[PDB]
Amino acid sequence: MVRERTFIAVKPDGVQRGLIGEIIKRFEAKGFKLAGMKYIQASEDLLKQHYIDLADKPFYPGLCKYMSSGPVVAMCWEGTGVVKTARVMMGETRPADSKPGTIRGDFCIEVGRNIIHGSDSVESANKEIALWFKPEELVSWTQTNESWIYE
Amino acid sequence: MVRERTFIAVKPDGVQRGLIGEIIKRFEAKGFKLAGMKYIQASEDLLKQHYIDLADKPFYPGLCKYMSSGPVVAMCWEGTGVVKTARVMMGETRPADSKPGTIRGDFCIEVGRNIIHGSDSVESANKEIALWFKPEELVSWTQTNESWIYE
Amino acid sequence: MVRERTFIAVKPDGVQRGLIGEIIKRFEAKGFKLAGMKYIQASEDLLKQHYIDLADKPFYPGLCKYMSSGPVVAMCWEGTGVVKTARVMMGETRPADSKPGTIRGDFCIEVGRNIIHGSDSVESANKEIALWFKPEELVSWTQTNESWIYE
Amino acid sequence: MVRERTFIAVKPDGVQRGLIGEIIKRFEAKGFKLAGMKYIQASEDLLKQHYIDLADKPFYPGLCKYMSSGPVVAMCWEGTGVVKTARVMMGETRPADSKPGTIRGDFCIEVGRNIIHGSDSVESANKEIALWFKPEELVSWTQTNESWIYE
Amino acid sequence: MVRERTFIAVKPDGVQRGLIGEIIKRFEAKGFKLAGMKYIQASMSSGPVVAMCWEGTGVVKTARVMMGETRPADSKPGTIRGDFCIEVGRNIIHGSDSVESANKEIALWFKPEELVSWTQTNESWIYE
Amino acid sequence: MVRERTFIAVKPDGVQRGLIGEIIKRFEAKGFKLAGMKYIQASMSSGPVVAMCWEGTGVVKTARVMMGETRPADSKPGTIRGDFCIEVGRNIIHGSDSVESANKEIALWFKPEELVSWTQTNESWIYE
Ligand SMILES: Nc1ncnc2c1ncn2[C@@H]1O[C@H](COP(=O)(O)OP(=O)(O)O)[C@@H](O)[C@H]1O
Ligand SMILES: Nc1ncnc2c1ncn2[C@@H]1O[C@H](COP(=O)(O)OP(=O)(O)O)[C@@H](O)[C@H]1O
Ligand SMILES: Nc1ncnc2c1ncn2[C@@H]1O[C@H](COP(=O)(O)OP(=O)(O)O)[C@@H](O)[C@H]1O
Ligand SMILES: Nc1ncnc2c1ncn2[C@@H]1O[C@H](COP(=O)(O)OP(=O)(O)O)[C@@H](O)[C@H]1O
Ligand SMILES: [Mg+2]
Ligand SMILES: [Mg+2]
Ligand SMILES: [Mg+2]
Ligand SMILES: [Mg+2]
């Protein structure tokens, strides 16, 4: 019964500013299915791998330390088109360019404090999910209202 | 003053997923006036006429079938530019193309389970409202703060 | 498959103050099932019958005229214990004695403007539902998530 | 400073009815600190131990069976008086006796589908937290505005 | 008609934790009328407070009910202190405990210029 | 650090329709800092307005985005005008259109005493 998945994380600013439930609420209200979830303080080296494609960018060392500075909520969300749709729901990388109604549009201001992460593509999602989740931490179950979300 | 009216329906998935109140609340908040409301399981005959323009589309027979599967909330809403504005508030026909902040943007995933209907034009609204409501079932009244909504 | 029902109405102040959706939202969120709904401007004589047991009270003539002064949303809600549970959700007859968290506790101030009505007992509900609803206006359907509300 | 901790679980009906975010959001809003969170379909063995005190109750075997039917959200929350206060926020064991404003008061109907669990005491919390979480899975951190929550 | 009035303040912890709008929304939703509002660091004085005067039938006692008990521990869910805080020294909001207190507190915090006379157009749907 | 500041007013239709708290909650949620607040009938003057000064990086243009277009008809859902109103003459809120406008509007509506200097303790989670 399996459907596309993506990796979503509430960043340390999201946790510190009390937005975990508000963020999850939006993904539930959309009809997406929660397949995995954990709360951790990730190591700086874990984040260096998560953001490996950015290793040469000037903000990278500070981004990885920052993302390891507090707990994060790591999540796997599942549904048709969830990878691209979640990005839409978050807004742009820069909150300044994110529209009201989006998570970043509604809740934050700066690119370095943009509360949330979502995979940018299916292949990125597959890598990120495997990096953060062990296979047994991914739950298979079926939403009773699946009939009303998918024909 | 009598203003423009549109026909809005909460589809069976919208009723089943408990979004009636949320949808009505968005229209009240916007400033529009409720002019008619009933709750029915519509006949397939009625829906075939409702969607008569799409009678040759592949999805037509399934659409009408599905829209008559359960109760819907049928509404008439009144206010300046309410036809085009209600459509903006719902989003695009496909939720995948709808923006966060809109009803479909926030709440659903698939074009076949897109929780709500709105007339696409004034002429469409005139036909639909007459199809769903008897004249005696429409309510004319004046919002006390209508002067804070309209100059 | 039938379960207890009650009659709930959004009074004219509830409609005028934009609380229809907020009220319905609360009954949906609770797990109750919407069985019937209509929007009407009820006659003063209909209300005189609705409130017949109060015919000798000083506020009665003014209460019946008032309740016929604007549109009301008439509803039948269904579920285990719904009659008594809905009253709890509304608060006391007097908003002054209704606790925050209740509909009257949150949204109004005076006994004569207390936004909502609910049947006080099963026998009252049976009478009120029959007075306001024709039998065909009552919808039989089954909430897909009934399994998660009732064991 | 290390403060009191409690074990809180979103039950399978709570997950299925899309109330994860809403529940977490209430605990964040109150000022409590998230100290642990995982998402699992628990073994029936684990639940039999979780509820071991109720092993002779008629509802016990069905309870454990049901709690292992789907994924639950397992949580550790931290703060002054969090054990007794979390229980207040959920309501009474039976939703019928729970007040509007509480989680069960707002969201459910039956004692067997009462969406959430909280430890009934500190000693119960110590056992439950150890049963559901390995030491390495609990997160110690400091809320930046903790000084606006505690003097 | 000028109705009963009470003093309500969002305390510095209320301002710091971003609860100003949430508190105001509750009093507006209830049907009470905002009569006065300012934002000041008074000369507790650990930061800005929102000082307010709300007006309506029985607003003094009702606003206290809406806040919850003095201690959040004794405050019920649905109330402001019940939903949003934990400790007695960090209980986010203040409300006058009587008409006399209210009258004194209003006079202390507000100049008469700062109490605005107006009528909610929906007043006839709130007050008989 | 003193950051950029803009003038925002809840218009009389905004006050009359009970949207003050809702508007404030949006600016608090976004992470902007309330710098000044009053409530007055200015000498449009058809009733009370809530006058505010909000502070943060890019607050002038961002607050305009949060409001939506000048006309609610062109305002998108999610925005204040998009969610809550219909006509251009009843568009509930005002925001300065530039830093220069903001500076002038703030000076016009607020005395320097009424701009409170403070720091959100969560500032380090909003600003790098
Ligand atoms: N110019 C920048 N300055 C500081 N931080 C940045 C910048 N660009 C990106 N970041 C941070 O790095 C994270 C990952 O970057 P990237 O993968 O490019 O964006 P996204 O999160 O949209 O996929 C961003 O979410 C943001 O927190
Ligand atoms: N390609 C499609 N496949 C399935 N159902 C569709 C498709 N396109 C439209 N529908 C359904 O038919 C309904 C009516 O179509 P249409 O009138 O074109 O759109 P709208 O609802 O936006 O007015 C849509 O709301 C949608 O639920
Ligand atoms: N003392 C009173 N003064 C004015 N109106 C009243 C009074 N008591 C009751 N009412 C109005 O009459 C309605 C019906 O009264 P009743 O059936 O006694 O209360 P309830 O609505 O709780 O069943 C109330 O909801 C209220 O609007
Ligand atoms: N009489 C009952 N019938 C069915 N299930 C029950 C009954 N009483 C309790 N339960 C279930 O067992 C759970 C555990 O019981 P208990 O520990 O007594 O209550 P609480 O959950 O409030 O701590 C309850 O939350 C409820 O879901
Ligand atoms: Mg990237
Ligand atoms: Mg169409
Ligand atoms: Mg009665
Ligand atoms: Mg127990």
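Throughout, read-outs are computed from the coordinates displayed, never taken from laboratory work. Methodologically, a virtual Cβ is constructed for each residue, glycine included, from the backbone with ideal geometry; neighbour enumeration extends over all protein chains shown.
Magnitude of the charge dipole for chain B, about its Cα centre and with charges confined to Cβ atoms of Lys, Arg (+1) and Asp, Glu (-1), is about 260 debye. In terms of Cα atoms, the Rg and Dmax of segment D:1-110 work out to 14.1, 42 Å. For chain F, the pair-distance distribution built from all alpha carbon pairs, in bins 10 Å wide starting at 0, is 13, 45, 35, 7, 0 percent.
With a 10 Å cut-off around each Cβ of A:6-18, the average count of Cβ atoms from other chains is 4. A Förster distance of 22 Å, applied to the separation of the beta-carbon atoms of residue A:97 and residue A:59, puts the FRET efficiency at 0.85.
Shielding value for D:86-96 is 2, the average number of Cβ atoms from other chains within 10 Å of each residue's Cβ.
Enter the mean number of other protein chain beta carbons within 10 Å of the beta carbon of each residue in D:25-34, as an integer.
6
Per-peptide packing, taken as the mean over residues of other Cβ atoms within 10 Å, places A:130-137, B:13-20 in the sequence B:13-20, A:130-137 from highest down.
Based on the Cβ-Cβ distance of residue E:100 and residue F:123, what FRET efficiency does E = 1/(1 + (r/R0)^6) give at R0 = 41 Å, to the nearest 0.05? E between residue E:100 and residue F:123, to the nearest 0.05, is 0.50.
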